[PDB]
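Below you'll find the structure, written out as structure tokens, and then a few comments.
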Amino acid sequence: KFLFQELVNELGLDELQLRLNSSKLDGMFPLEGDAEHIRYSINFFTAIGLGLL
Amino acid sequence: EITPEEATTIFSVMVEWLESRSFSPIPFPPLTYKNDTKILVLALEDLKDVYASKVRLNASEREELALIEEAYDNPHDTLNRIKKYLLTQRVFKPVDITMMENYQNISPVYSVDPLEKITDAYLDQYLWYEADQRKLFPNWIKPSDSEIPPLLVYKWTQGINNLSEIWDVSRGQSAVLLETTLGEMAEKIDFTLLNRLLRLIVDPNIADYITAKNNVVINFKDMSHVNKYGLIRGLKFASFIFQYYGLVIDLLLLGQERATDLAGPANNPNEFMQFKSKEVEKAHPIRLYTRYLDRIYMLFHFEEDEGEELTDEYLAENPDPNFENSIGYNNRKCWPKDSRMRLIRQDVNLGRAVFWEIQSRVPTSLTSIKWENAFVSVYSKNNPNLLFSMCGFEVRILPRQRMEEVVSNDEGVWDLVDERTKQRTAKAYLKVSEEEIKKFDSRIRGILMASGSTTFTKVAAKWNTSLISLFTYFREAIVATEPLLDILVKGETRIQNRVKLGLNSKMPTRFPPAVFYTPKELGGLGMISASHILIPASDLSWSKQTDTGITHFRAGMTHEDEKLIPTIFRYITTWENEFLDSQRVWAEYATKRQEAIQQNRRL
Amino acid sequence: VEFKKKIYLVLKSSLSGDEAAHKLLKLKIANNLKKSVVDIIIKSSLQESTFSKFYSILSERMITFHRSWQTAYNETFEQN
Amino acid sequence: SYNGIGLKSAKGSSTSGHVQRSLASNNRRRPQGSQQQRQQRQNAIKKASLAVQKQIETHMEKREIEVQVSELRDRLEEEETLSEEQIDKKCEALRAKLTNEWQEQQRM
Amino acid sequence: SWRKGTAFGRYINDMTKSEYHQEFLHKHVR
RNA sequence: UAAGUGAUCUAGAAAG
């Protein structure tokens, strides 16, 4: 959470999203559902100001 | 010096201001207060602060101490006495003076006779409590804010960043920051005018007293004179008077309307540099303003049209065939050529024009706003950096969008954050002002001299104090200034030679860093190294033109058998970290306070 | 143990991070302990009240220097 | 001093005045090569992207004809054509034959 | 428009009275 | 197409 906060503060939100989009991001941003598992990641990222969840 | 018309105008202005505020004046203090005792306790404490350190005391000092003691003994009686004095006493004991020797600029030290001094203290404290309670001094006035000078600077930077679309250079958007000093702001306050002004804000008796206190006989070394014209800084309350006078100047600068906006509505005032709306913020050119202690900081955010108008009016008024006026410009000489304010015929003209306008705005008889004591920085298409000094910093603000390549944000750089997006929108590189460096050097010199009598431990203690002051005040900003680094090494070595000279040794082998940097507990000295630092010594001829990445490290305070003495700078939380951290922890506190409220508990 | 102490001293003795980085590079530390050095640096960072630009700059410099240090920083991250 | 970079001299400074080159200098020496991927990405992001031509074509065309004329001149001046009539006649022929061919071109 | 709303809208042979001297004193007192 | 060569001041006696 702290790390992400730092990143956002430094780079920017949309920019950050773009950057991560370019990368793989398996554990952070899984696309293959895995049965109410994205819920978890999604939930956690709703805790901080993040979009696209 | 004041033309009576000018005085009248001033009066009209101030009257208009308080009219707009519904500012109820401060009464003459009766026996009513629950705070009275508390107020008294503050003044006494302040006074005591002088005497707690120095054990051997003068006769005057002794008397003062006695008075303080008695006052503690007989609080109500003391209060009564004070009240009586205020009602009656308009002729005081004359004020002895001396000059403390800061080796650049010797500073006058007024020494009021203890009995009146108590009165001055109590009156002062009361005035501040009443003023702040009644919202006399608007947010924009800097020094008294209950925020630290570096903190203040940081806040200013934040404000600058958080202005709506301030860094745009697209639609001919042109920013200008105007630093200038209100020259002799206190030193030509007429008592007549001052008296009348005060009679607006407080009960006339208090005003009468204060005016009568500035009118003292200034004894110095066998020569005296009645101080007929000119406020004395060295009274206790005089600060308040100065601040109040400052308000007048501020109003003159901003006018009733813009000032009114900055303050906000009287019932619900603005926070420091906030605005009720965006529209209001954007309405005027004068987007921000602050008078830190006879040194105003007007920030203008012009449009191309407005700028053109300004240049026009000025240039027409004060013509010049060539560029010409680029010479005789108050640039920031500490910074490097392509870092500091570039000299564009247009931008420079705007800057000068702006300064002229400001000068016109304030009447000359009231104070000296000389260009020579005024730095004007400009931000534009052709000027990407934006400079100023404040509280003895030098701050080069540079927005992220204008930077060619945002490197790993170095140390001694404040990344400023935009309030809306929460992104690091702008950087603020930090140097220490030359003036502050000079002051520091003077301090070191002072320490050095009057130390033939003084013992090594005491010397080192003084030096330690000096160093900790220098850092703990501007911590992060030492990284940049190579001259300051030099001073630190040079100064530190001089101190070491005071010991080494003291032993008539003055020699490298026989004073290994054991003796100096080891604490007083272990027979050492407790000297605090800001020395064994590697001094970043980049290419001096290039460095003058542009900032370089530090390439070559010089050896600062060296030694044979070099044990890596840690600095002090690493063990002080650098300001930016301190401030982000502060924001976090205070937020947390706020949240928990709410929790406590909800839960109905003592947090 | 004493190596660690030395490293710490090198960190402290610098003014800004760059100086520290320079000092560390001068140390001539072999590929063996680079990871250990990085760990030490991290721990030192942790010890402080807050995150410092200093340490970040130092990290950057070292990273830039040689691929081995990049690897070390990575593996340290993994460890963390 | 050394390469515009040493201390003016060790007297004064109150120190060795020893002058190391930093080893972050290698980082400042090659940050474009080290952080080439920073700009590379950016570049990639924007990496996808008549009258004059006509004029050129015209020049080529007329020019060709003029080359024919020149050739005629060569043939004449070299191989038995001392008179001016020969030259002029040749030119005329070129104009007729050339602009005939080029009229054909126009038609197509 | 904005510039209207203000209050004010539009050698000697004495070493103790030299322009240099007064200026100097101003400089070196505070 | 991806490292580390190098610049190293002083310096103690008298009288006050």
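Chain labels A, B, ... are given in the sequence in which chains occur in the structure tokens; within each chain residues are numbered consecutively from 1, and ligands are likewise numbered from 1 in the order shown.
Any residue of chain B with an atom no more than 12 Å from chain A counts as a contact; using only C-alpha atoms, that gives residues 400, 406, 407, 408, 409, 415, 416, 417, 418, 419, 420, 421, 422, 423, 424, 425, 426, 427 and 580 of chain B.
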Filtering to N, CA, C and O atoms, could you give me those residues as a JSON list (two decimals), in the first residue's frame?
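Writing the result to result26.json gives the following:
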[["chain", "number", "residue", "atom", "x", "y", "z"],
["B", 400, "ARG", "N", 7.93, 20.34, -12.77],
["B", 400, "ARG", "CA", 8.28, 19.07, -13.39],
["B", 400, "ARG", "C", 8.09, 19.10, -14.91],
["B", 400, "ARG", "O", 8.92, 18.57, -15.65],
["B", 406, "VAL", "N", 13.56, 14.64, -15.50],
["B", 406, "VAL", "CA", 13.44, 14.44, -14.05],
["B", 406, "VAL", "C", 14.30, 13.27, -13.58],
["B", 406, "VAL", "O", 13.90, 12.10, -13.66],
["B", 407, "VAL", "N", 15.49, 13.60, -13.10],
["B", 407, "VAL", "CA", 16.40, 12.62, -12.49],
["B", 407, "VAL", "C", 15.84, 12.13, -11.16],
["B", 407, "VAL", "O", 14.75, 12.55, -10.74],
["B", 408, "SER", "N", 16.56, 11.22, -10.52],
["B", 408, "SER", "CA", 16.27, 10.84, -9.15],
["B", 408, "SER", "C", 16.34, 12.09, -8.29],
["B", 408, "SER", "O", 17.44, 12.59, -8.01],
["B", 409, "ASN", "N", 15.17, 12.62, -7.93],
["B", 409, "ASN", "CA", 15.07, 13.78, -7.06],
["B", 409, "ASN", "C", 16.17, 13.72, -6.01],
["B", 409, "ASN", "O", 16.22, 12.78, -5.21],
["B", 415, "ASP", "N", 10.13, 18.10, -3.38],
["B", 415, "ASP", "CA", 9.10, 17.82, -4.34],
["B", 415, "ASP", "C", 7.80, 18.36, -3.74],
["B", 415, "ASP", "O", 7.35, 17.90, -2.69],
["B", 416, "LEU", "N", 7.26, 19.38, -4.41],
["B", 416, "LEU", "CA", 5.98, 19.97, -4.06],
["B", 416, "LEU", "C", 4.88, 19.15, -4.71],
["B", 416, "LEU", "O", 5.05, 18.64, -5.82],
["B", 417, "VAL", "N", 3.73, 19.08, -4.04],
["B", 417, "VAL", "CA", 2.60, 18.28, -4.49],
["B", 417, "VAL", "C", 1.43, 19.18, -4.84],
["B", 417, "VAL", "O", 1.12, 20.11, -4.10],
["B", 418, "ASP", "N", 0.78, 18.90, -5.98],
["B", 418, "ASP", "CA", -0.48, 19.55, -6.34],
["B", 418, "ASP", "C", -1.60, 18.96, -5.48],
["B", 418, "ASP", "O", -1.71, 17.74, -5.37],
["B", 419, "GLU", "N", -2.42, 19.83, -4.89],
["B", 419, "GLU", "CA", -3.46, 19.41, -3.94],
["B", 419, "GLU", "C", -4.55, 18.54, -4.58],
["B", 419, "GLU", "O", -5.03, 17.59, -3.96],
["B", 420, "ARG", "N", -4.91, 18.87, -5.82],
["B", 420, "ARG", "CA", -5.94, 18.13, -6.56],
["B", 420, "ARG", "C", -5.50, 16.71, -6.91],
["B", 420, "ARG", "O", -6.06, 15.74, -6.41],
["B", 421, "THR", "N", -4.47, 16.61, -7.75],
["B", 421, "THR", "CA", -4.01, 15.32, -8.28],
["B", 421, "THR", "C", -3.19, 14.48, -7.29],
["B", 421, "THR", "O", -3.13, 13.26, -7.42],
["B", 422, "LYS", "N", -2.57, 15.15, -6.32],
["B", 422, "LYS", "CA", -1.65, 14.52, -5.36],
["B", 422, "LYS", "C", -0.34, 14.00, -6.01],
["B", 422, "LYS", "O", 0.30, 13.10, -5.46],
["B", 423, "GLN", "N", 0.05, 14.58, -7.15],
["B", 423, "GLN", "CA", 1.28, 14.22, -7.85],
["B", 423, "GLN", "C", 2.38, 15.22, -7.53],
["B", 423, "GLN", "O", 2.09, 16.38, -7.23],
["B", 424, "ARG", "N", 3.64, 14.79, -7.65],
["B", 424, "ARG", "CA", 4.79, 15.67, -7.45],
["B", 424, "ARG", "C", 4.99, 16.59, -8.65],
["B", 424, "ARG", "O", 5.79, 16.32, -9.55],
["B", 425, "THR", "N", 4.23, 17.69, -8.63],
["B", 425, "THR", "CA", 4.09, 18.58, -9.77],
["B", 425, "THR", "C", 5.30, 19.47, -9.99],
["B", 425, "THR", "O", 5.60, 19.85, -11.12],
["B", 426, "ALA", "N", 5.98, 19.82, -8.91],
["B", 426, "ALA", "CA", 7.09, 20.75, -8.99],
["B", 426, "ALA", "C", 8.16, 20.43, -7.98],
["B", 426, "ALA", "O", 7.88, 19.87, -6.92],
["B", 427, "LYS", "N", 9.40, 20.79, -8.31],
["B", 427, "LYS", "CA", 10.52, 20.63, -7.40],
["B", 427, "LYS", "C", 10.92, 22.01, -6.90],
["B", 427, "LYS", "O", 10.64, 23.03, -7.53],
["B", 580, "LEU", "N", 6.20, 15.99, 5.52],
["B", 580, "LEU", "CA", 5.31, 14.90, 5.05],
["B", 580, "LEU", "C", 4.88, 14.01, 6.23],
["B", 580, "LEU", "O", 3.70, 13.67, 6.42]]
So which residues touch stretch 141-150 of chain B within 7 Å, counting only C-alpha atoms (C1' of nucleotides), skipping near sequence neighbours fewer than 2 positions away, as an MDAnalysis selection string?
-> chainID B and resid 137:139 152:154 290:293 391 474
Find the residues in chain A near chain D: any atom within 12 Å counts, using only C-alpha atoms. Write them as a compact mmCIF listing (two decimals) with N, CA and C atoms, in the first residue's frame.
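Below is the file that was written, out_11.txt:
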# COMPACT_ATOMS: atom_id res chain seq x y z
N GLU A 15 -0.71 7.75 -15.32
CA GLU A 15 0.65 7.41 -15.78
C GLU A 15 1.08 6.07 -15.20
N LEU A 18 -0.71 3.23 -16.81
CA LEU A 18 -0.12 3.02 -18.13
C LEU A 18 1.14 2.15 -17.99
N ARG A 19 1.96 2.53 -17.01
CA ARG A 19 3.26 1.89 -16.80
C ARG A 19 3.06 0.42 -16.47
N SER A 22 1.80 -1.66 -19.29
CA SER A 22 2.95 -2.10 -20.08
C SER A 22 3.58 -3.37 -19.48
N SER A 23 3.76 -3.40 -18.16
CA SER A 23 4.31 -4.59 -17.48
C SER A 23 3.31 -5.75 -17.38
Where does chain F meet stretch 1-22 of chain D within 7 Å, residue by residue, with the nearest atom pair and distance in Å to one decimal for each, counting only C-alpha atoms (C1' of nucleotides), listed by chain and rising number, as a tab-separated table?
residue	atom	partner	partner_atom	distance
F:7	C1'	D:19	CA	5.7
F:8	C1'	D:18	CA	4.9
F:9	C1'	D:16	CA	4.6
Next, write the just-selected residues to a file, as a PDB file, in the first residue's frame, keeping N, CA, C and O atoms (P, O5', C5', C4', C3', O3' and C1' of nucleotides) as the atom set.
ATOM      1  P     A F   7      46.141  10.265  -5.756  1.00  0.00           P
ATOM      2  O5'   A F   7      47.102  11.492  -5.435  1.00  0.00           O
ATOM      3  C5'   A F   7      46.600  12.701  -4.841  1.00  0.00           C
ATOM      4  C4'   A F   7      46.940  13.890  -5.698  1.00  0.00           C
ATOM      5  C3'   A F   7      46.375  15.220  -5.201  1.00  0.00           C
ATOM      6  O3'   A F   7      47.396  16.217  -5.153  1.00  0.00           O
ATOM      7  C1'   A F   7      45.588  14.747  -7.403  1.00  0.00           C
ATOM      8  P     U F   8      48.495  16.211  -3.962  1.00  0.00           P
ATOM      9  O5'   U F   8      47.652  15.776  -2.684  1.00  0.00           O
ATOM     10  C5'   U F   8      47.047  16.755  -1.825  1.00  0.00           C
ATOM     11  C4'   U F   8      46.869  16.173  -0.450  1.00  0.00           C
ATOM     12  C3'   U F   8      48.119  15.553   0.179  1.00  0.00           C
ATOM     13  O3'   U F   8      48.294  15.986   1.523  1.00  0.00           O
ATOM     14  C1'   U F   8      46.296  14.091   0.359  1.00  0.00           C
ATOM     15  P     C F   9      49.452  17.019   1.910  1.00  0.00           P
ATOM     16  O5'   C F   9      48.639  18.368   2.141  1.00  0.00           O
ATOM     17  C5'   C F   9      48.754  19.495   1.250  1.00  0.00           C
ATOM     18  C4'   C F   9      48.727  20.784   2.035  1.00  0.00           C
ATOM     19  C3'   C F   9      49.622  20.843   3.265  1.00  0.00           C
ATOM     20  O3'   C F   9      50.981  21.165   2.958  1.00  0.00           O
ATOM     21  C1'   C F   9      47.455  21.634   3.811  1.00  0.00           C
TER      22        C F   9
END
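Relative to atom CA of residue B:361, atom CA of residue B:266 is found at 24.9 Å.
If you take only C-alpha atoms and a cut-off of 6 Å, the residues of chain B that reach chain D are residues 490, 538, 539, 540, 551, 552, 553, 554, 555, 556 and 557 of chain B.
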DSSP helix (DSSP H, G or I) residues within chain C, as JSON, numbers by chain | {"C": [2, 3, 4, 5, 6, 7, 8, 9, 10, 11, 12, 13, 17, 18, 19, 20, 21, 22, 23, 24, 25, 26, 34, 35, 36, 37, 38, 39, 40, 41, 42, 43, 44, 45, 46, 47, 53, 54, 55, 56, 57, 58, 59, 60, 61, 62, 63, 64, 65, 67, 68, 69, 70, 71, 72, 73, 74, 75, 76, 77, 78, 79]}
One decimal, Å: what's the distance from atom CA of residue A:31 over to atom CA of residue C:77, could you say?
-> 25.0 Å
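The coordinates place atom CA of residue C:13 at 22.1 Å from atom CA of residue C:73.
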Contacts of stretch 36-51 of chain A within 9 Å, only C-alpha atoms (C1' of nucleotides), excl. fewer than 5 positions in-chain, as JSON, numbers by chain | {"A": [1, 4, 5, 13, 14, 17, 27, 28, 29, 30, 31]}
May I have the selected residues written with N, CA, C and O atoms, as an mmCIF file, in the first residue's frame?
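In the end it all went to again17.cif:
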data_model
loop_
_atom_site.group_PDB
_atom_site.id
_atom_site.type_symbol
_atom_site.label_atom_id
_atom_site.label_comp_id
_atom_site.auth_asym_id
_atom_site.auth_seq_id
_atom_site.Cartn_x
_atom_site.Cartn_y
_atom_site.Cartn_z
ATOM 1 N N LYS A 1 0.836 -1.196 0.000
ATOM 2 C CA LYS A 1 0.000 0.000 0.000
ATOM 3 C C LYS A 1 0.877 1.256 0.000
ATOM 4 O O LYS A 1 0.663 2.197 -0.784
ATOM 5 N N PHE A 4 2.753 1.679 -3.332
ATOM 6 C CA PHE A 4 1.817 2.182 -4.352
ATOM 7 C C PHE A 4 1.584 3.655 -4.155
ATOM 8 O O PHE A 4 1.593 4.395 -5.137
ATOM 9 N N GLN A 5 1.390 4.058 -2.902
ATOM 10 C CA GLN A 5 1.165 5.455 -2.534
ATOM 11 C C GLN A 5 2.331 6.315 -3.010
ATOM 12 O O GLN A 5 2.133 7.386 -3.617
ATOM 13 N N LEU A 13 -1.345 8.972 -11.278
ATOM 14 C CA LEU A 13 -2.285 7.828 -11.289
ATOM 15 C C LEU A 13 -2.445 7.153 -12.657
ATOM 16 O O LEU A 13 -2.150 5.949 -12.813
ATOM 17 N N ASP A 14 -2.891 7.949 -13.626
ATOM 18 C CA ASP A 14 -3.075 7.470 -14.993
ATOM 19 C C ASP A 14 -1.755 6.966 -15.562
ATOM 20 O O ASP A 14 -1.711 5.891 -16.180
ATOM 21 N N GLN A 17 -0.820 3.693 -14.071
ATOM 22 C CA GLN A 17 -1.674 2.663 -14.681
ATOM 23 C C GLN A 17 -1.106 2.232 -16.020
ATOM 24 O O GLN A 17 -1.024 1.037 -16.309
ATOM 25 N N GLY A 27 0.495 -10.852 -9.772
ATOM 26 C CA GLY A 27 -0.025 -10.791 -8.403
ATOM 27 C C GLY A 27 -0.829 -9.541 -8.075
ATOM 28 O O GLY A 27 -1.786 -9.604 -7.299
ATOM 29 N N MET A 28 -0.437 -8.408 -8.659
ATOM 30 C CA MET A 28 -1.122 -7.128 -8.446
ATOM 31 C C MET A 28 -2.450 -7.095 -9.190
ATOM 32 O O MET A 28 -3.503 -6.905 -8.581
ATOM 33 N N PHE A 29 -2.378 -7.295 -10.506
ATOM 34 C CA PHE A 29 -3.521 -7.134 -11.403
ATOM 35 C C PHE A 29 -3.786 -8.398 -12.227
ATOM 36 O O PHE A 29 -3.471 -8.441 -13.422
ATOM 37 N N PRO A 30 -4.359 -9.438 -11.587
ATOM 38 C CA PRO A 30 -4.812 -10.611 -12.342
ATOM 39 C C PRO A 30 -6.071 -10.307 -13.162
ATOM 40 O O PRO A 30 -6.993 -9.661 -12.655
ATOM 41 N N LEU A 31 -6.084 -10.748 -14.422
ATOM 42 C CA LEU A 31 -7.245 -10.602 -15.310
ATOM 43 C C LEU A 31 -8.085 -11.883 -15.339
ATOM 44 O O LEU A 31 -9.317 -11.813 -15.321
#
